[PDB]
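Heads up: the structure comes next, in structure tokens.
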Amino acid sequence: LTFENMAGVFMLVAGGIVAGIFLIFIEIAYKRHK
Amino acid sequence: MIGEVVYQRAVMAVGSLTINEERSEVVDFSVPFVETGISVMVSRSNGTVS
Amino acid sequence: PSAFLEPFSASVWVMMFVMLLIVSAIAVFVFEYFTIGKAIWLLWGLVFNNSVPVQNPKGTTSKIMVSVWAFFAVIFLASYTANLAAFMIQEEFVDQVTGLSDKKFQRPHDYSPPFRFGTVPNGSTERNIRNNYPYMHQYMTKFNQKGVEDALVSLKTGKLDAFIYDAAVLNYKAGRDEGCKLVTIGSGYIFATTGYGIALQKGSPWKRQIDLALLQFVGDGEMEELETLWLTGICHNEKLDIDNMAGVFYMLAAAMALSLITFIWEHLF
Amino acid sequence: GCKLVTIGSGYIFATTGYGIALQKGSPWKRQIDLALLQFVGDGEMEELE
Amino acid sequence: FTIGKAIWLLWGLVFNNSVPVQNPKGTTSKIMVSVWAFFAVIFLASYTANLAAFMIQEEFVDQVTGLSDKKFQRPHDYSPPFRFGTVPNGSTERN
Amino acid sequence: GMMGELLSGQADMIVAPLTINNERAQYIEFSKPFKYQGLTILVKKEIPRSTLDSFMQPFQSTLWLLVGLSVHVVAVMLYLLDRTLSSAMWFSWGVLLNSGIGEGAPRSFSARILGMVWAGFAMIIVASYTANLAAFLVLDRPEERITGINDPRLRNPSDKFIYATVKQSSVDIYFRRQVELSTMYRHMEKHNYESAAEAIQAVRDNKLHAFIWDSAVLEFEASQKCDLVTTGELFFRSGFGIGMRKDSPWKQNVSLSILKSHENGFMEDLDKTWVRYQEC
Ligand SMILES: CN[C@]1(c2ccccc2Cl)CCCCC1=O
Ligand SMILES: *[C@@H]1O[C@H](CO)[C@@H](O)[C@H](O)[C@H]1NC(C)=O
Ligand SMILES: *[C@@H]1O[C@H](CO)[C@@H](O)[C@H](O)[C@H]1NC(C)=O
Ligand SMILES: *[C@@H]1O[C@H](CO)[C@@H](O)[C@H](O)[C@H]1NC(C)=O
């Protein structure tokens with residue numbers, strides 16, 4: 001198990017977890033906008 | 001080279017000298033030691049095309 | 001098998017475990033905007049296999065997070081398979097006894113089956129071991145053999161354990177053996193490195209010239225050509241198991257033990 | 001880089017050799033030929049190649 | 001809808017089990033589905049192994065084959081002119 | 001043979017494939033070579049091993065036998081931890097076969113944890129199996145081809161593997177008149193054959209294991225009989241010739257003609273119509 005392999009996509013998965021709230025806010029604003 | 005061999009200037013010509021049916025009719029010389037012929041060369045670096 | 005040589009049981013494994021836990025917690029928090037254990041089980045399955053029915057997460061934005069986690073898991077499994085293939089490319093055949101310093105030669109009867117020391121008398125090997133290991137000489141006297149060919153035959157037939165003799169002839173025999181079944185100890189070790197030379201009478205007038213001629217031969221590359229044409233060998237030039245998962249099945253049994261113990265402690269409460 | 005390479009494995013349109021040119025009727029031909037045959041039969045030509 | 005469900009489950013077991021329906025009912029149907037899935041998984045594994053082993057195959061181009069070819073035979077027209085290289089005074093030029 | 005017949009006066013010319021040696025050239029006069037053909041090794045092309053059915057064979061069938069027992073033991077432990085055992089057994093059997101039935105309903109959270117752990121173990125086992133398959137796959141074509149006289153299997157011979165040439169041929173002369181393979185020559189002297197066709201038939205009939213012969217003949221034999229292939233880099237590359245006595249009037253005219261036919265393209269046409277006309 002290469003360190004880069006565990007990193008090169010798991011930094012990405014952490015970014016996705018922390019990015020979920022961004023689209024949470026975007027879609028809950030979109031729902032109320034119309 | 002062949003001209004120098006014919007006119008007795010030299011008695012032997014060691015080098016890259018292809019066997020021919022015209023040279024043999026003038027100078028008689030020994031058996032080949034390297035297999036040669038006529039080949040075509042072309043570059044293929046434009047595309048690998050694997 | 002190298003069931004423990006893998007990078008597992010390290011910081012990376014703990015890091016990915018805690019990352020999975022944090023991802024599951026974030027997914028539960030998103031879904032909430034009884035789903036904690038279900039989400040953890042579903043994420044563990046998605047890491048392992050998609051046959052784990054989890055109803056914990058039912059969200060739009062969540063679907064993208066689950067897809068990203070599935071992509072990461074797919075990449076991880078692909079890398080794992082590639083690593084197993086790459087490790088299965090190579091194999092280890094290091095050595096058996098690792099030199100005369102091993103306790104087997106010092107203790108020839110105390111461990112398991114008797115370990116015979118094959119040797120040939122009349123030689124320098126016998127004199128060397130007699131002048132260095134007098135105790136081992138008495139034991140090896142009972143196995144004093146006749147010749148190199150007889151020693152090779154005995155080793156191939158299991159009648160002898162180890163054969164101690166000159167290094168060059170033994171290397172030649174190893175390089176000219178059928179099946180490459182027998183090899184010298186280790187990667188090639190010399191207990192007392194020495195030359196061969198050419199014997200001469202004391203004070204002979206040829207030594208000062210024979211030595212120079214031999215140095216000229218070795219410096220001109222003739223010795224390398226002679227060694228290649230006279231000492232090269234085929235063997236020298238060459239270059240779901242039951243026991244494989246028995247360890248991980250022991251770990252699985254330990255997992256069952258911890259499961260039942262956790263059942264006991266959870267059912268006290 | 002070995003960028004340019006002859007066509008295929010190499011097909012000689014008219015295969016011949018090199019030899020060693022000698023005067024017509026030279027006494028050395030009958031012996032130079034034997035020496036060359038000895039060289040090619042003893043593996044020396046392979047080493048030179 | 002049982003025929004379509006069975007067909008979809010067969011195709012999924014061939015490709016991926018993410019196509020579930022209420023097709024297998026009974027011990028015999030479940031056993032048959034499990035056997036089919038095992039065979040499909042074995043076939044999948046064999047296909048992946050063959051694809052991985054195929055990476056060690058390569059080939060090279062050779063252009064025309066000898067002087068007896070369409071390219072060399074006719075200089076005129078055809079396509080962009082094909083230059084011929086031949087150092088004079090040699091045996092090749094005479095031949 | 002032909003050399004003796006020509007020297008005895010019974011013949012005036014040898015129009016046949018006659019490799020130009022030194023011993024032969026010391027007594028007869030060879031023309032310019034009308035072909036160039038070294039020696040190669042003819043061997044039988046072993047059929048590729050297309051198993052396509054080695055499922056439980058690769059590592060050990062005992063692993064497949066123990067897998068079911070381990071699954072049953074894990075299921076029993078799960079049942080005792082739950083205190084629908086048949087439903088759980090079916091669910092586990094489906095999970096280990098990627099069925100994904102979804103009929104498993106563990107009671108305690110410890111059962112859920114053990115279930116998830118079991119799945120991970122199953123995944124690992126599958127990965128190991130795939131790795132083993134790759135090892136068997138990548139390890140295809142285990143047998144190799146001997147690379148001529150330089151190959152160690154030919155320098156050091158064995159009674160199990162035999163490589164013998166043809167008696168009373170230039171080949172035998174080449175082995176005899178070069179003292180670096182005396183063991184190889186001694187081994188080959190005990191398996192020489194009366195004629196080349198007999199040796200070809202013996203090689204194709206598993207009687208031999210290797211044949212040493214001219215490239216011009218072995219290549220054609222491989223082209224005709226696909227069961228055999230040729231290997232080994234060309235060695236002793238000396239072509240055939242129109243052998244004939246030294247004191248002959250044609251010596252100055254045959255050779256030139258052979259040159260002309262070699263340059264006018266006649267020999268290329270002969271090779272196309274007689275040697276290079278088929279493949280495999
Ligand atoms: C996704 N499923 C496969 C897989 C690939 C890689 C790792 C595990 C598995 Cl399980 C796809 C490739 C063939 C074997 C197979 O089952
Ligand atoms: C040499 O070895 C033989 C046995 O191989 C032995 O009988 C003989 O005594 C030895 N020579 C001497 C001088 O001891
Ligand atoms: C020989 O070469 C010279 C200069 O390269 C050239 O002028 C001449 O035409 C050539 N002759 C022949 C017969 O190729
Ligand atoms: C050899 O050839 C030449 C020219 O081709 C001819 O003049 C001569 O008569 C020929 N001699 C014999 C013996 O054929």
- Query: In terms of the Cα gyration tensor, with a ≥ b ≥ c the square roots of its eigenvalues, is region F:140-280 rounded because a/c is under 1.5, prolate because a/b exceeds b/c, or oblate?
  - Reply: oblate
- Task: Mind checking E:68-77 for the average number of partner chain beta-carbons within 10 Å of each residue's beta-carbon?
- Result: 1
- Query: Under the rule of -39500 (n - 2.57) per DSSP H run of 4 or more residues, summed and divided by the residues of chain E, what mean residue ellipticity at 222 nm is obtained, to the nearest 500 deg cm²/dmol?
  - Reply: -16000 deg cm²/dmol
- For region E:1-40, which trypsin sites (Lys or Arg not before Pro) are both in a DSSP coil and crowded by at most 11 other Cβ atoms within 10 Å? E:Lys25
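Highest mean first, what order results for F:89-95, B:36-42, F:37-43 on Cβ atoms within 10 Å?
Values: F:89-95: 20.7, B:36-42: 16.4, F:37-43: 23.0.
Per-residue mean Cβ counts within 10 Å order the peptides as F:37-43, F:89-95, B:36-42.
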- Message: I need the phi-derived Karplus couplings for region C:151-166: 6.51 cos²θ - 1.76 cosθ + 1.60, θ = phi - 60°, integer Hz, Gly and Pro marked x.
- Response: 5, 5, 4, 5, 5, 5, 9, x, 6, 10, 8, 9, 10, 9, 6, 4
- Message: Need the list of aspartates and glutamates near E:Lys25 for cross-linking: C-alpha distance under 16 angstrom, and skip anything on the same chain fewer than eight residues off.
- Response: F:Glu103
- Within region F:35-73, what residues put their amide N at less than 19 Å from the label point 7 Å along the Cα-to-Cβ vector of F:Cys226? F:43-51
- Note on the structure: Proxy exposure order for C:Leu212, A:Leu1, F:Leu78, C:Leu100 (fewest C-beta within 10 Å first) is C:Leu212, A:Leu1, C:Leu100, F:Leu78
- Note on the structure: Interchain or sequence-distant (5+) residues whose placed amide H lies within less than 5 Å of the amide H of D:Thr16 are B:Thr36, B:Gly37
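Determine the shielding of peptide C:223-234 by partner chains: average, over its residues, the number of Cβ atoms on other chains within 10 angstrom of each Cβ. Mind showing how you got there, number by number?
Working: counts 0, 0, 0, 0, 0, 0, 2, 0, 0, 3, 3, 5.
Mean inter-chain Cβ contacts per residue within 10 Å come to 1.
Using the count of nearby Cβ atoms within 10 Å as a rough guide to exposure, how do C:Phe31, E:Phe60 rank from fewest to most?
Numbers: C:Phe31 17, E:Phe60 10.
Ascending Cβ contact count within 10 Å gives the list E:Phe60, C:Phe31.
Just list whichever of F:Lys35/F:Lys207; C:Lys173/F:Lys45; D:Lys29/F:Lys32; D:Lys29/F:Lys260 have alpha carbons separated by over 24 Å in the model shown. Let's see the in-between values first.
Numbers: F:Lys35/F:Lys207 31 Å; C:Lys173/F:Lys45 32 Å; D:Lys29/F:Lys32 13 Å; D:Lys29/F:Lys260 21 Å.
Table pairs above 24 Å Cα-Cα are F:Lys35/F:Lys207; C:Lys173/F:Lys45.
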- Note on the structure: Among F:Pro33, E:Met32, C:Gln96, the residue whose Cα sits farthest towards the positive end of the charge dipole of the protein assembly as shown (+1 at Cβ of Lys and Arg, -1 at Cβ of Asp and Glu, taken about the Cα centre) is E:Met32
- For chain F, calculated [θ]222 nm from helices alone, where every DSSP H run of n ≥ 4 adds -39500 (n - 2.57): -14000 deg cm²/dmol
- Item | Burial order of peptide ranges E:68-74, C:74-80 (average beta-carbon count within 10 Å, highest first) | C:74-80, E:68-74
- Charge dipole of the protein assembly as shown built from unit charges on the beta carbon (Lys, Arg +1; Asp, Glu -1), centred at mean Cα; most positive-end Cα among F:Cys280, F:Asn192, C:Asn50 is C:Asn50
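Across peptide C:254-267, how many C-beta atoms of other chains are within 10 Å of each residue C-beta, on average?
Details: counts 0, 8, 11, 1, 4, 14, 6, 1, 7, 10, 2, 1, 3, 3.
Across the residues of C:254-267, the mean count of other-chain Cβ atoms within 10 Å is 5.
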- Nearest 20 debye, what's the magnitude of the dipole of region F:53-181 about its Cα centre given +1 on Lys and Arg Cβ and -1 on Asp and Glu Cβ? 220 debye
- Query: For region C:188-198, in order, what is each residue's ³J(HN,Hα) by Karplus, 6.51 cos²θ - 1.76 cosθ + 1.60 with θ = phi - 60°, in whole Hz (x at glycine and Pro)?
  - Reply: x, 10, 10, 6, 8, 4, 7, x, 9, x, 9
- In degrees, nearest 10, the alpha-carbon axis of helix D:29-41 is tilted away from the dominant principal axis of the alpha carbons of chain D by 50 degrees
- Item | Cleavage-rule hits (GluC sites (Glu not before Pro)) in chain E: DSSP loop, at most 16 neighbouring Cβ within 10 angstrom | E:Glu58, E:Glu59
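Taking neighbour Cβ counts within 10 Å as the exposure measure, how do F:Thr147, F:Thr165 sort from fewest upward?
By the 10 Å Cβ count, ascending, the order reads F:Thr147, F:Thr165.
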- Message: Using each residue's phi in region E:64-75, evaluate 6.51 cos²θ - 1.76 cosθ + 1.60 at θ = phi - 60° and report the 3J(HN,Hα) Karplus result to the nearest Hz, with x for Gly and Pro.
- Response: 7, 10, x, 5, 8, 8, 4, 4, 5, 4, 10, x
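Counting DSSP beta bridges with both partners in chain F, what percentage is antiparallel, nearest 5?
Bridges in chain F that DSSP calls antiparallel: roughly 85 percent.
Can you give the charge dipole size of chain B about its Cα centre, rounded to the nearest 20 debye, using +1 on the beta carbon of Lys and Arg and -1 on the beta carbon of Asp and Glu? Kindly include the intermediate steps, with their values, before the conclusion.
Working: 3 positive and 6 negative charges, 61 e Å.
Magnitude of the dipole: close to 300 debye.
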- Residues with amide H under 5 Å from that of C:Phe163, placed H, sequence gap 5 or more: C:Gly118
- Message: 5 Å is the cut-off here: which amide hydrogens, built 1.01 Å from N in the peptide plane, fall below it relative to F:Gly100, excluding neighbours closer than 5 in sequence?
- Response: F:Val95
- Task: Can you tell me the equivalent ellipsoid semi-axes for chain D? Use √(5λ) from the Cα gyration tensor, largest first, whole Å.
- Result: 30, 16, 9
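Once the convex hull of the alpha carbons of the protein assembly as shown is built, what does its volume come to per residue, in cubic angstrom?
Details: hull volume 252.1 nm³, N = 777.
Measuring per residue, one finds 324 Å³ for the Cα hull of the protein assembly as shown.
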- Query: What GluC sites (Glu not before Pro) does region C:93-197 have in DSSP loop regions with at most 16 other beta carbons within 10 Å?
  - Reply: C:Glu178
- Rounding to the nearest 20 debye, state how big the charge dipole of region F:1-129 is about its Cα centre with +1 on each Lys and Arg Cβ and -1 on each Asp and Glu Cβ. 500 debye
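Every residue, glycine as well, gets a Cβ built from its backbone with ideal geometry; the counts of neighbours run over all protein chains shown. We did not get these values from a lab; they are worked out from the coordinates using the rules stated.
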